[PDB]
Amino acid sequence: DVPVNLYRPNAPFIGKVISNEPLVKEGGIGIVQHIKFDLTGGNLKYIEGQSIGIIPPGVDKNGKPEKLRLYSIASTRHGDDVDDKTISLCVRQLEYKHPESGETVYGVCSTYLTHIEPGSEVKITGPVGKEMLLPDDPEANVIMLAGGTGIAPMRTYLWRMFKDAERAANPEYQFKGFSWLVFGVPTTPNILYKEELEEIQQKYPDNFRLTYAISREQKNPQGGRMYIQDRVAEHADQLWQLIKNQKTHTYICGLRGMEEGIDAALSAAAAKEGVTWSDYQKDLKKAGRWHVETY
Ligand SMILES: Cc1cc2nc3c(=O)[nH]c(=O)nc-3n(C[C@H](O)[C@H](O)[C@H](O)COP(=O)(O)OP(=O)(O)OC[C@H]3O[C@@H](n4cnc5c(N)ncnc54)[C@H](O)[C@@H]3O)c2cc1C
């Protein structure tokens, strides 16, 4: 009942791009695109929290074909239109530095994807992944800690939980727990899906809390730029108290190295009560309540 590997690299599914919209607004840093693909004509099914592969055209520096890159699925199982025939991605263009062989380098698969046109064919493998799945328990608490494109699986949980079209589509799942997104981005215009997050938070004030950490607009108490771990420390006592509930799941997604400041904060909260966080967290992993995907 979790689909995995319905399509593999040796024989991928050829989808078509339907749309490709920018998510970063003017004044923001970088390019992050929301890309939607047509799934009709194949049998790709998937659920929230999974990833798929894209195989980009071309050869590397050695004249070897390009490998697949993985992307968290950014839509619910139904697609953004709730019709069960599309899938979406949230793709940032990776680019870096002049001291990297002289001048600025562009990522292969993410440049390809963030400049791809509607009507183009794309090779898609997957779905893969069973570590970031959402429990079918309507009464769960769900803590989400996202940075940048790590909003993507979170968007599939929240959309499942709170979009009226989704609730109409999923009678078994009517969500009534509490969920809290701490979202880290560099500027207000880099808040991916801002308008839709904030609409959810005003239809459902008792069920959803939305905390930002915006590093170029906010300072932490030491005087640094505000980072998601700064906010997690700000609330580490509340977050630890929520985690003690047998129903609470915690999801962590974003770039590598973001985990260690989340543990430092929760260790100091757990310790007040003679709990050793890293022992507690091992048991949470074992029990399926601790979900991490950084990259
Ligand atoms: C499970 C998983 C989920 C992912 N989900 C998403 C998602 O939702 N959205 C998204 O945009 N991406 C996601 N990615 C990351 C994505 O797969 C690709 O790694 C990323 O898009 C870059 O691929 P590329 O082809 O653009 O870059 P490549 O062309 O392969 O460039 C990457 C390589 O260049 C180097 N490099 C990268 N950054 C730097 C730097 N700052 N300084 C120096 N060298 C550097 C490294 O050698 C790296 O291997 C995910 C990855 C994984 C593993």
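Numbers in chain A track Swiss-Prot; the residues on display, in order, are 146-440.
We read in the header that X-ray crystallography, 2.5 Å was used to get this structure.
Each residue, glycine too, has its Cβ placed from N, Cα and C.
Per Swiss-Prot, FAD is bound by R214, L215, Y216, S217, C235, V236, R237, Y241, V253, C254, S255; the candidate from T294, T301, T332 named for the same site is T294.
Counting Cβ atoms from all protein chains shown, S217 (NADP(+) binding site) has 25 others lying within 10 Å of its own Cβ. Using a 10 Å radius centred on the Cβ of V253 (FAD binding site) and all shown protein chains, the other Cβ atoms total 16. All protein chains shown were included, and the count of other CB atoms within 10 Å of the CB of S255 (FAD binding site) stands at 22. Look at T294 (NADP(+) binding site): DSSP puts it in a helix.
Per Cα geometry, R237 is the residue among the binding-site residues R214, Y216, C235, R237, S255 nearest to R361 (NADP(+) binding site).
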